[PDB]
Structure formats: C-alpha cells, structure tokens
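2 protein chains.
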Amino acid sequence: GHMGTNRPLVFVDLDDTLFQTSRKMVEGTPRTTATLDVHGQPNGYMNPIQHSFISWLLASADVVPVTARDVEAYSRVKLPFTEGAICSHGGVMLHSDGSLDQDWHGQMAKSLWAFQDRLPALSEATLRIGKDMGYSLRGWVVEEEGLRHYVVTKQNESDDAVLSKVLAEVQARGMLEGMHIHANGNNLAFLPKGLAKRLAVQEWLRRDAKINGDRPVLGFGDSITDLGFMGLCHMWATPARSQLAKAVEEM
Amino acid sequence: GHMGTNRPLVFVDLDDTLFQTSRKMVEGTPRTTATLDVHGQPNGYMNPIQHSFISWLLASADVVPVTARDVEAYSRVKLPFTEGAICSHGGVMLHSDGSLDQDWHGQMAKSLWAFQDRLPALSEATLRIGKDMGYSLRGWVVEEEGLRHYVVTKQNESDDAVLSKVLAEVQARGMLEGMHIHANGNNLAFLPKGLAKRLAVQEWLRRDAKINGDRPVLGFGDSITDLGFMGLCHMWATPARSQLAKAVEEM
Ligand code: NI
Ligand code: NI
Ligand code: NI
C-alpha cells in the first residue's frame, strides 16, 4: 500500500552540477549568486537554465545535497535546501535544521579512526612531493570537529594536468593502499575506504524506507566518482557537458 | 526576460525506460498495464516505482515521448501524454491531439525518398541471410501512410546474440552505407541517415524556443542510441540497469 510521501527523493551533487565558478562560464553571461567565498563575497553562480532548474526541482521533489564540501563550505551555499544534507564526501549527515547527525558521526568515527594520523601525513607528503616536481600546490585535511575525513590538493598553475602526474607517482610509491581517489578539474582527493557519498546515500535510503517505503529515487552528479551514489538511485542524471558525460561520449 | 512556461521540457523514451514487457520483470511482482498488444491485451507494464515516477513527471513538467514505435504502436501506449509525441525513430511528430505534423512529414519525405526501394529490399535480404544462418527471424519495414521509415528485425530463438551476428555480416557485405543502426535487446534496426530521434528533438526545441524561450530540457532514455537526442538536453538521465548504464559501468 502507500505510506508517507509519493514524491521522488532526489540526491544532487553541488559544484559543477547546480552551479560553478566564474572561470567556468562564458564572460558576461547572466548569473545568480549560488555560493560565497570565505570572505563573504560571491564566488559561485547559476546561469539562467540552472536557477530555473533548481527552483523547479526544489518545488517538485525532496532534494538532498550530496557534496564534497565540508560543513562550513556547505553553509556558504545560498540555496534554500530544506531536507538536510550529506557533506564531506559522505562523512557528514546534517538534519534539516543543519544540526549534525550524531549516529552517522559515530559510525564514521569508527570507520576513520585508523586513518587519523595517516591523513595529515599524506597531505604533507603530497604537498612536498608536489614541490619536488616543481609544482605550486595547495592542500589540507578536510575535517569536522574531532574527526579528520579526507585529503584534498589543488594546483595554482592553471593546469589541471599537474594533478594527474602526482596521482601517478603517489600511486607508484604505494601511498594509497586502502583508499580511493577523486579527480575532477582542479581537485585531487584521497579518501579512506569507509568514506564515500555512496555509503551515506545508502544509509539515507535505509532510513527513508521506514518512513516513506519505496519511492522513486533520482541522482544528479557531474563527476565519474558520483556514479557511486548515483548507482543506488532508480534513475541517474548528469549535465550534458560534465566530466561523466564527456567520458560517455568517448565510449 | 521570461516568456511562456518556466517548467522543464522532458523528452522520454518509452520501452525499457517507462515500462517493459512481462519477461523483463521478476515473476509475480506488482504491475500496472502500460501497453496493449495488437489484439488489445496487456503486454507492457510498470512496476510500482515506474508508475509513481511517470505520474509525478507528467504532473510536474511538459513530457514528450521520443519513441521507435510507429504511430499505431504508440497509440497502444496507455499513458496520458498531453503534449504530442515523436514517433518512428524521429520520423513522425504528432500534435497533442494525435494528428500528424504535416511540416515534419514533408521534411522527412524529402530526406527519405532515396531509400524507399532500398528499405523493403534490405529487410528481405536480412531475413533471407538470417535463414541462411539457420536463424528463425522476423522483420518488416516500419512505415507511415505513403512513406517508409526504417527496417526492423527480431529473433524468435530467445537469444539476442543472434542479431549481433547478422549485424556483423550485413556490415561486411556493405549493405549499411549511408545508414546507422540500433541494437538493444531483441531489436535490430537499420535507419537511413536523415532518420534520427536527435533530428526530431532538435526541430522540437527550435519550435519550442519561439514560444517559451530557453527553458530546462531533460532527456530520459535507456539505449546507447538514445544518447543522440539526450545530448541535446541540458541534463540527461537513464534507468540504473539500462543498456546505457551497463555500458557506463564497464567504462
Ligand atoms: Ni560536482
Ligand atoms: Ni527504449
Ligand atoms: Ni501506487
């Protein structure tokens, strides 16, 4: 029979799915502010199709962000999400009022305590090995209060090919055993085994099923690594010029 | 500024996207009739997620089928589509009341009159070459009143691998120059150059833009060949276990 709401549950990636930075848009084209930088100034935007799409989607379905952003960076997203969120590559679940889900935090803590020393050392070694290559890098450990989640590294050369080289060497030096990687644009991330958008979306669906039974689930994402959580949905979707769509084009 | 409707225009494939035959569903699981066979009896069904999804989508957006079915087979689809349709692999556009679009019919006629003799001969040769292989086939020319569109061939062996063999030989005998092919499940189709879902969706969007300007366009399809029209949308989407999704999985 029917229980709860019939409307779709839609898991949406954020950066380069709902909005993007200025450098990824054609100059002068109209835009709406979607994110702020740490100094409080606009730094991410929606074009006219994008703001029309997310407005319709938020009005029509239960929309849940599934993002690499940590909680602070997610709080700089200026979109009226009302159902909570998955943050930090699946390391964090937020309730609808923005408060931290204590149960998931306990489970993630358990999965991640074997990595708490390795993560700062891995970021340090990557940033050193990057300067050894002569590359001007930038990186840090993404973390919540008390718990370190994953390592991120960016380049300042305006050449994303730099990061593919480091990934090749770090892999050969055997630094990534027990971990998986995300690479898209100027972003290279090293994630512990038990940290994944897929795991948090899997838990979100388990909880939803007790309230709403089986209802249509849709996943939207732009990265190849977003296929993890997107594969848990009944239908998945991607922007026409995404990293994922471009890879499908070449297949 | 804003003009017309803001709601998304959603192009949806039909078979194996919104519904499927009984043999493609787990026995005994609940279902809703979605299509009738030529004898008027149910032969295609939606599972509970599928009927919930298409109901929500029809209510929330302007939904336009984009189907290989000819007009007669489309008329046996028992879903309340209200905006017209693209049929016969892009060879036919129907108005919302089901009447034939005369302009597109004239354009398709022009593209297809160099193929009017080749299509019946190609179906005959394929069905003969199939029996030469010892395979029990079935095929015909798909056509509207006066105009032949494409060739379809099916096998009766319960082995879809049979069709991949014929495609290999027919290609070597040089019978498919100036044409493209569709193969998914128990369906192998040979299409003339100017016959494509992509071309009809392209024309549909050109016409829509004069009424509604630029609004979000979403494409849903299950076949690799559906990527043609799906690439014209802002976002495209596929069922989790589709032919397309399975190919992406292997990439
Ligand atoms: Ni993204
Ligand atoms: Ni289909
Ligand atoms: Ni129902």
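Protein sequence lines correspond, in order, to chains A and B.
If you're matching positions, the first sequence starts at -1 in PDB author numbering and goes up one per residue.
If you're matching positions, the second sequence starts at -1 in PDB author numbering and goes up one per residue.
Heads up, the beta-carbon is just placed ideally off N, CA and C, and yes, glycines get one too.
Can you say whether residue i is buried or exposed, counting buried as having 16 or more other CB atoms within 10 angstroms of its CB?
i	result
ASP35 of chain B	exposed
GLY26 of chain B	exposed
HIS180 of chain A	buried
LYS22 of chain B	exposed
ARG213 of chain B	buried
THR15 of chain B	buried
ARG204 of chain A	exposed
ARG136 of chain B	exposed
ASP224 of chain B	buried
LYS195 of chain B	buried
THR80 of chain A	exposed
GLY226 of chain B	buried
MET44 of chain A	buried
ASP115 of chain A	exposed
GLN18 of chain A	buried
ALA198 of chain B	buried
residue 251 of chain B	Nothing in the structure corresponds to residue 251 of chain B, since chain B is present only between -1 and 249.
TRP111 of chain A	exposed
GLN169 of chain B	exposed
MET106 of chain A	buried
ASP11 of chain A	buried
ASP13 of chain B	buried
residue 268 of chain A	Nothing in the structure corresponds to residue 268 of chain A, since chain A is present only between -1 and 249.
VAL24 of chain A	exposed
Say whether chain A places a C-beta atom closer than 8 Å to the C-beta of residue i.
i	result
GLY89 of chain B	no
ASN182 of chain B	no
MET233 of chain B	yes
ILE47 of chain B	yes
Quick check: the Cα distance between residue i and residue j, rounded to an integer number of angstroms?
i	j	result
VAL215 of chain B	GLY183 of chain A	25 Å
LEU125 of chain A	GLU155 of chain A	14 Å
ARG171 of chain B	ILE84 of chain A	55 Å
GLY104 of chain B	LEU145 of chain B	10 Å
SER20 of chain A	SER134 of chain A	22 Å
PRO237 of chain B	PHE218 of chain B	8 Å
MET131 of chain A	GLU167 of chain A	10 Å
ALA59 of chain A	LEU98 of chain B	35 Å
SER240 of chain A	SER221 of chain A	7 Å
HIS147 of chain B	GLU175 of chain B	16 Å
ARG29 of chain A	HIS0 of chain B	15 Å
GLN200 of chain B	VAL149 of chain B	23 Å
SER53 of chain B	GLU70 of chain B	23 Å
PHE113 of chain B	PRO190 of chain B	7 Å
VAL61 of chain B	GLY82 of chain A	29 Å
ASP206 of chain B	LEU55 of chain A	21 Å
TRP102 of chain B	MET228 of chain A	37 Å
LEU7 of chain B	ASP68 of chain A	34 Å
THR3 of chain B	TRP202 of chain B	15 Å
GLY192 of chain B	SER109 of chain B	6 Å
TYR72 of chain B	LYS152 of chain A	52 Å
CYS231 of chain B	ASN210 of chain B	15 Å
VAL64 of chain A	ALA57 of chain A	18 Å
Is there a Cβ of chain B sitting closer than 8 Å to that of residue i, yes or no?
i	result
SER20 of chain A	no
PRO40 of chain A	no
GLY229 of chain A	yes
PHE113 of chain A	no
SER50 of chain A	yes
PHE188 of chain A	no
Interface residues of the region 202 to 214 of chain B facing chain A [CB-CB below 8 Å]: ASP212, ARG213, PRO214
Using 8 Å as the threshold, is the region 84 to 95 of chain B in touch with the region 139 to 150 of chain B, meaning 3 or more CB pairs across them? yes
Could you please tell me which residues of the region 236 to 249 of chain A, in chain order, have their CB closer than 7 Å to any CB of chain B? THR236, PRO237, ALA238, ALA245, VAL246, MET249
Cβ pair count under 8 Å reaching 3, the region 157 to 172 of chain B against the region 184 to 201 of chain B: yes
Under 8 Å, with one C-beta from each stretch per pair, do the region 29 to 47 of chain A and the region 67 to 85 of chain A reach the 3-pair mark? yes
To be precise: take each residue of the region 0 to 34 of chain B, compare its Cβ to all Cβ atoms of chain A, and keep it if any distance is under 8 Å. Which residues remain? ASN4, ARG5, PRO6
Of all the residues that make up the region 78 to 103 of chain A, which are near chain B by a beta-carbon distance shorter than 9 Å? none
Is the region 47 to 60 of chain B touching the region 92 to 99 of chain B, taking contact as three or more C-beta pairs under 8 Å? no
Check distances from the C-beta atoms of the region 52 to 74 of chain B to those of chain A and list, in chain order, the residues that come in under 7 Å. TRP54, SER58
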